[PDB]
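Remarks on the structure that follows.
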Amino acid sequence: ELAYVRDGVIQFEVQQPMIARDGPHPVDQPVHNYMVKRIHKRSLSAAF
Amino acid sequence: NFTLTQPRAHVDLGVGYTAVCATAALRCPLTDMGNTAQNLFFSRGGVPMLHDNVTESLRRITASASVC
Amino acid sequence: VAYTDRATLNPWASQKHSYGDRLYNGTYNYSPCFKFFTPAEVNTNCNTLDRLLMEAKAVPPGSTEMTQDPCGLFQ
Amino acid sequence: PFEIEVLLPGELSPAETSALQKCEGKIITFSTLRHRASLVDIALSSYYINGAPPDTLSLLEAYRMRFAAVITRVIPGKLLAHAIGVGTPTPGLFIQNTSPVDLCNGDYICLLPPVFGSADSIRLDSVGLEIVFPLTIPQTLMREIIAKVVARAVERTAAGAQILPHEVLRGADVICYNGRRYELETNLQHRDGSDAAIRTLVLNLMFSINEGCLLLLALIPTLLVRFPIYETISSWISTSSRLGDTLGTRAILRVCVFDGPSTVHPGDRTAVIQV
Amino acid sequence: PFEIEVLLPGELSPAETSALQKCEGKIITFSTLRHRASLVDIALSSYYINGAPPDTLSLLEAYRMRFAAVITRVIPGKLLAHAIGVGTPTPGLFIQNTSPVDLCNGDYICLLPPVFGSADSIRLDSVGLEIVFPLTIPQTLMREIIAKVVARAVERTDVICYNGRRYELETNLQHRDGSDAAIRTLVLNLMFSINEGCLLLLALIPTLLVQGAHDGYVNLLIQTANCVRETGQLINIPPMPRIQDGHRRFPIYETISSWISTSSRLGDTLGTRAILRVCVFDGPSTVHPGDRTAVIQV
Amino acid sequence: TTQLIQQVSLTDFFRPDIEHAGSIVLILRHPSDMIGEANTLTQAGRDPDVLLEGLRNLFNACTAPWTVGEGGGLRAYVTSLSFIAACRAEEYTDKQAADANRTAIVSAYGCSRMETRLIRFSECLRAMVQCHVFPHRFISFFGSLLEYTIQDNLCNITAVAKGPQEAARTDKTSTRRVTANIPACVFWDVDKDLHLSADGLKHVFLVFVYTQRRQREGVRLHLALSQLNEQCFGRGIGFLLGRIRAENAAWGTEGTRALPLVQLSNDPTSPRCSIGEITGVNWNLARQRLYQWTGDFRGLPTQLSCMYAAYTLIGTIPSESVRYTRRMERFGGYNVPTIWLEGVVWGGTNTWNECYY
């Protein structure tokens with residue numbers, strides 16, 4: 001499936017766990033870090 | 001005649017800021033050195049003066065691929 | 001600014017039109033001899049080096065300046 | 001039979017994309033096209049050769065020795081090159097007239113930037129990577145421009161070194177097009193550093209003219225009713241032979257304008273061919 | 001596109017057949033254009049006419065009048081060749097660096113008689129004719145040898161150093177068939193070069209030297225102008241003249257236009273037409289003796 | 001390599017008659033630009049009032065004066081081949097037929113004011129030629145129109161270029177292919193100087209010579225067709241017109257003691273004091289003898305006097321050995337002699353490379 005993609009993009013979500021709770025830190029909202037990357041098209045041509 | 005083309009695509013997996021690079025070896029240097037000369041005479045000249053004849057005679061009698 | 005003991009020890013090659021614009025000017029008639037003898041290109045090279053350093057500090061980057069050709073920003 | 005790719009500069013998205021959106025008819029040329037190319041070898045920073053900054057003559061000779069190619073791609077998030085050639089098809093031959101100067105159907109493409117006067121070539125000085133494009137004019141127009149600029153230069157030098165200038169310096173030289181106005185040469189006190197390279201050229205030209213018109217009366221007066229006297233003649237012949245190849249500036253590209261884009265307003269959709 | 005056919009001469013010799021089948025690269029010239037040619041017109045005996053050897057000027061004008069062609073691949077079944085017609089792509093060809101020195105990119109290859117050195121003579125054993133491969137360079141040393149030969153011709157009635165390399169040449173001038181053409185063209189150039197600005201230029205030597213006294217661009221002209229300064233004081237040096245009109249008169253424009261026209265005319269007459277602009281890919285544009293390249297049409 | 005380009009022109013220098021193939025259309029130049037360029041190249045010699053009178057007469061005679069010199073792309077910038085043939089091709093091959101063809105054309109096209117327009121054009125051309133002004137410096141290459149259409153007081157004709165025009169199979173003509181014909185005045189005798197066989201591909205060249213005589217001038221739009229080299233075309237033209245080249249050179253001179261002691265004074269007795277005797281002394285009183293030349297001259301115009309030959313590479317042929325046949329054609333309201341050819345195309349570039357002698 002590459003005839004028509006219109007430079008599609010994808011999204012991924014990754015968490016950052018450190019350790020289980022053991023007392024009043026106090027807890028807060030965790031950071032929802034994410035990364036976005038684009039695709040690249042490459043082709044090889046020759047003469048024969 | 002025909003041309004073989006394979007239009008494909010690729011995507012990355014990890015971040016590009018986590019890698020280690022270092023030098024392994026280098027070629028042995030070998031260049032001309034020692035009794036070298038500059039190209040000042042061939043690189044045009046400068047302000048002329050009344051000593052043009054004597055200076056050109058001196059240049060002629062002294063005159064009789066890496067530069068420095 | 002760097003050394004507080006005294007000033008530069010080569011006054012004959014520290015002014016603006018000391019020797020660079022007089023001898024190595026190009027229009028008025030070996031790579032370092034032209035790289036470190038004209039204030040305009042010296043300033044633009046220092047500006048590009050500072051911009052590259054700030055870009056590296058902030059965030060590739062094309063393998064230029066700090067790589068490939070040696071004796072660049074770290075002269 | 002191979003693809004061409006370019007590297008998108010970083011931390012320069014908004015201004016560069018705004019410039020590219022307006023300028024969709026730019027021209028990019030490379031001396032030796034490769035599979036991978038950068039922007040630090042086709043700019044003014046890479047024109048420094050022979051231990052001297054590039055001049056107008058160096059720019060002209062580089063343009064003459066370079067090839068000719070065009071591109072058509074305006075994407076805010078993508079920038080890639082395409083193959084140019086007769087065998088490879090080039091769909092969508094759309095170009096934009098970057099030069100605001102009005103033109104005519106069936107002209108000759110030449111590379112001659114207007115650095116002598118009224119350049120108005122604004123570039124980006126925040127990075128030092130600038131690609132100045134020259135203006136396109138026909139062969140006769142470029143010959144007239146060269147003649148007028150050299151005449152102005154020689155008359156200015158004569159006035160400066162004569163301590164008695166002639167009151168006539170312009171006369172009546174107005175260029176029009178179907179009853180129009182050009183409004184050129186409206187400044188006199190403006191000075192530029194590009195004149196340091198034309199003085200030697202005009203001096204050589206006048207010396208060649210003088211020696212050529214003096215050799216007629218030195219050999220034989222046919223029309224008049226330790227020194228071998230040969231080095232000067234040999235040098236004149238050598239310089240003439242060298243300049244014979246230099247004066248060759250025949251156009252390569254061909255312009256095939258459909259109807260007219262500049263009939264009521266310059267800067268519209270213009271057609272072009274590769275004949 | 002269109003391709004010419006040449007009949008294979010009899011008594012084929014494998015010694016040159018192997019060389020032809022291995023190289024497939026050589027620059028040749030022809031006069032008569034025909035699709036079906038059996039014995040063409042490249043015959044030294046036919047070109048010898050009376051019997052005297054051809055002169056350098058005669059060979060130069062013959063080459064200028066004649067066209068040029070590039071030899072394509074050769075098959076045992078039949079001989080094929082490609083001629084130079086209009087500016088259209090001609091795929092399916094091959095070229096080689098015949099010159100012993102390197103050639104710059106985008107250089108128009110011309111054809112000159114062999115005068116640089118004693119090239120090898122391949123004496124064919126056939127009966128039709130024989131082919132001699134020249135070994136020259138398009139314009140680099142041509143622009144100097146033409147000046148030397150015209151100077152010798154005009155004076156009748158060497159060592160060239162480049163990057164530590166010495167080149168030897170052997171001149172040959174024994175006929176006067178081109179002397180008339182040379183004198184006619186030089187007198188025409190002299191008649192077309194004289195204008196009204198020379199008097200004004202000669203009437204400005206004191207101002208010119210005053211301006212150049214504090215300029216520095218004096219040696220670059222006085223190192224070779226040994227007689228120009230001497231002849232400068234031997235002229236009229238008239239005062240400032242009066243023009244018939246000071247509103248729409250400008251002899252400077254007329255003289256520069258005449259000089260441009262004469263320069264264009266001399267460049268066209270002395271410039272061989274050769275639309276050959278190759279474009280290198282990947283590797284360096286500089287060619288080396290002993291390598292093989294392709295053909296690119298621009 | 002073939003493009004379809006059309007020009008938005010209604011009636012510039014042509015009538016809405018039946019369209020015909022084998023027509024060549026050129027591009028003119030604005031008179032204001034040419035007079036502005038030539039006001040300095042005239043160098044006096046003639047009264048400038050005649051040029052202004054001719055320009056005024058041309059402006060008055062031209063239809064719709066409010067459209068020329070303004071508006072959009074609608075102006076007088078093209079000329080039909082019929083006008084050129086009537087104005088120039090009249091004393092080339094057969095005068096007794098050329099004059100009849102011209103009279104028939106001017107009686108069938110205008111029929112009311114054709115003679116006045118023709119005489120006005122002739123006078124304006126004579127005025128623009130006698131003033132020593134060359135209009136060929138602004139003419140550029142143009143395509144050939146080939147299309148058949150009609151509307152209500154409208155006609156849009158497209159143009160073609162070099163390519164497979166005869167192989168595209170447009171199926172819009174009378175026959176399955178396209179028609180390619182040229183008028184009678186297209187070839188001139190060259191065998192007298194080219195008896196050698198023309199083995200090769202011939203080329204079509206346009207020749208426009210210039211004349212310079214005593215208060216009389218004329219134009220000659222010839223069409224040379226020879227296999228000789230481009231650089232030898234000027235030499236061939238000069239050799240062919242050698243009986244008139246001397247007269248032209250003699251009539252073009254409009255608008256003295258030598259120095260034979262140089263060969264004796266070169267080495268000995270050289271007073272080389274061009275710097276020491278100038279930079280030291282004021283030289284305002286030592287300039288007494290010098291040289292005088294025993295003469296007085298101001299201006300030596302020679303470049304604009306010897307220009308009498310020109311040639312441009314316009315039009316080629318896909319194949320050589322083209323054979324011409326003399327036949328007759330019946331079309332329109334009158335039968336005119338025509339020559340039918342084959343294997344002829346158009347195109348090229350208008351690269352002006354002249355060689356004056």
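By convention in this document, the chains of the structure tokens carry letters A, B, ... by their order, each chain's residues are numbered from 1, and ligands are numbered from 1 in the order they are shown.
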9 Å contacts from chain C to chain B using only C-alpha atoms, as JSON, numbers by chain: {"C": [28, 29, 30, 60]}
Those same residues, written as a CSV table (one decimal), in the first residue's frame with N, CA and C atoms?
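Final output, part.csv:
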```csv
chain,number,residue,atom,x,y,z
C,28,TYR,N,43.2,43.5,-3.8
C,28,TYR,CA,44.4,44.3,-3.8
C,28,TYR,C,45.7,43.4,-3.9
C,29,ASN,N,45.5,42.1,-4.0
C,29,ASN,CA,46.6,41.1,-4.1
C,29,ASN,C,47.6,41.3,-2.9
C,30,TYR,N,48.2,27.9,2.7
C,30,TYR,CA,47.7,29.1,2.2
C,30,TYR,C,46.3,29.4,2.6
C,60,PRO,N,22.2,14.5,11.8
C,60,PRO,CA,22.3,15.8,12.5
C,60,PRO,C,23.6,16.1,13.2
```
Contacts of residue 146 in chain E at 10 Å (only C-alpha atoms; same-chain gap of 2+ positions) as a ChimeraX atom specification: /D:237-238,241 /E:57,60,139,141-144,148-152,270
Residues within 10 Å of residue 188 in chain E, only C-alpha atoms, excluding chain neighbours under 6 positions, as a list in words: residues 182 of chain E; 356 and 357 of chain F
Sorted per-residue table, chain E near chain B, closest atoms and distance, 8 Å, only C-alpha atoms, as JSON lines:
```
{"residue": "E:215", "atom": "CA", "partner": "B:47", "partner_atom": "CA", "distance": 7.8}
{"residue": "E:216", "atom": "CA", "partner": "B:47", "partner_atom": "CA", "distance": 4.5}
{"residue": "E:217", "atom": "CA", "partner": "B:47", "partner_atom": "CA", "distance": 7.3}
{"residue": "E:218", "atom": "CA", "partner": "B:48", "partner_atom": "CA", "distance": 6.6}
{"residue": "E:219", "atom": "CA", "partner": "B:48", "partner_atom": "CA", "distance": 6.1}
{"residue": "E:220", "atom": "CA", "partner": "B:44", "partner_atom": "CA", "distance": 7.8}
```
DSSP-assigned helix (DSSP H, G or I) among chain C, expressed as a ChimeraX atom specification: /C:11-13,20-23,31-35,39-58
For CA of residue 224 in chain E and CA of residue 209 in chain D, the interatomic separation in Å (one decimal):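 These two atoms are separated by 15.6 Å.
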7 Å contact set for residue 5 in chain D, only C-alpha atoms, chain neighbours under 6 positions out, as a list in words: residues 35, 36, 37, 80 and 81 of chain D
Output N, CA, C and O atoms for every residue in the selection just made, as a compact mmCIF listing (two decimals), in the first residue's frame.
```txt
# COMPACT_ATOMS: atom_id res chain seq x y z
N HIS D 35 24.26 12.19 -6.73
CA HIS D 35 23.13 11.58 -6.05
C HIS D 35 22.77 12.34 -4.78
O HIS D 35 21.59 12.52 -4.47
N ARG D 36 23.77 12.79 -4.03
CA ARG D 36 23.57 13.56 -2.81
C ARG D 36 24.32 14.88 -2.92
O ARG D 36 25.53 14.89 -3.19
N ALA D 37 23.60 15.98 -2.72
CA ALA D 37 24.19 17.31 -2.81
C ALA D 37 23.71 18.15 -1.63
O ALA D 37 22.64 17.92 -1.07
N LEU D 80 12.32 18.29 -2.39
CA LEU D 80 13.16 17.34 -3.09
C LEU D 80 13.33 17.80 -4.53
O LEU D 80 12.51 18.54 -5.08
N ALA D 81 14.42 17.35 -5.15
CA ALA D 81 14.74 17.70 -6.53
C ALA D 81 14.24 16.62 -7.48
O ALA D 81 13.90 15.50 -7.08
```
Kindly provide the residues of chain D that approach chain A to within 9 Å, each paired with its closest atom pair and their distance in Å to one decimal, based on only C-alpha atoms, listed by chain and increasing number, as JSON lines.
```
{"residue": "D:1", "atom": "CA", "partner": "A:46", "partner_atom": "CA", "distance": 6.2}
{"residue": "D:2", "atom": "CA", "partner": "A:45", "partner_atom": "CA", "distance": 6.1}
{"residue": "D:3", "atom": "CA", "partner": "A:45", "partner_atom": "CA", "distance": 8.0}
```
Go ahead and save the residues from that selection, with C-alpha atoms, as a PDB file, in the first residue's frame.
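Result file is out-v4.pdb:
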```
ATOM      1  CA  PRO D   1      18.341   7.765 -14.891  1.00  0.00           C
ATOM      2  CA  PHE D   2      19.053   8.764 -11.282  1.00  0.00           C
ATOM      3  CA  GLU D   3      17.197  10.779  -8.658  1.00  0.00           C
TER       4      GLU D   3
END
```
Distance in Å - CA of residue 7 in chain D versus CA of residue 38 in chain D: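 Value for the CA of residue 7 in chain D-CA of residue 38 in chain D distance: 6.3 Å.
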Filtered DSSP result for range 65-313 of chain F, state strand (DSSP E or B), as a ChimeraX atom specification: /F:78-79,144-145,158-160,181-182,203-210,219-226,312-313
For C-alpha atoms, I'd like the residues from the last selection saved as a short mmCIF file (atom, residue, chain, number, x, y, z; two decimals), in the first residue's frame.
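Result saved to again_12.cif:
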```cif
data_model
loop_
_atom_site.label_atom_id
_atom_site.label_comp_id
_atom_site.auth_asym_id
_atom_site.auth_seq_id
_atom_site.Cartn_x
_atom_site.Cartn_y
_atom_site.Cartn_z
CA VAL F 78 2.50 40.70 -37.47
CA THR F 79 2.59 40.77 -41.27
CA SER F 144 4.10 29.24 -38.88
CA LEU F 145 0.32 29.40 -38.57
CA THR F 158 -2.88 28.38 -34.04
CA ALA F 159 0.79 27.92 -34.94
CA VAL F 160 3.03 24.86 -35.09
CA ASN F 181 3.91 24.37 -50.37
CA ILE F 182 6.16 27.35 -51.07
CA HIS F 203 19.77 24.04 -45.58
CA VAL F 204 17.34 26.93 -46.04
CA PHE F 205 18.67 30.43 -45.35
CA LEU F 206 16.98 33.83 -45.43
CA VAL F 207 19.03 36.59 -47.09
CA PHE F 208 18.19 40.30 -46.74
CA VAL F 209 20.80 42.46 -48.48
CA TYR F 210 21.08 46.24 -48.16
CA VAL F 219 15.12 46.07 -50.30
CA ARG F 220 15.72 42.54 -51.56
CA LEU F 221 14.28 39.69 -49.47
CA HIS F 222 15.85 36.71 -51.21
CA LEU F 223 15.76 33.07 -50.07
CA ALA F 224 19.04 31.21 -50.53
CA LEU F 225 19.18 27.41 -50.47
CA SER F 226 22.68 25.92 -50.64
CA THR F 312 19.99 33.31 -40.99
CA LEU F 313 19.34 29.59 -40.49
#
```
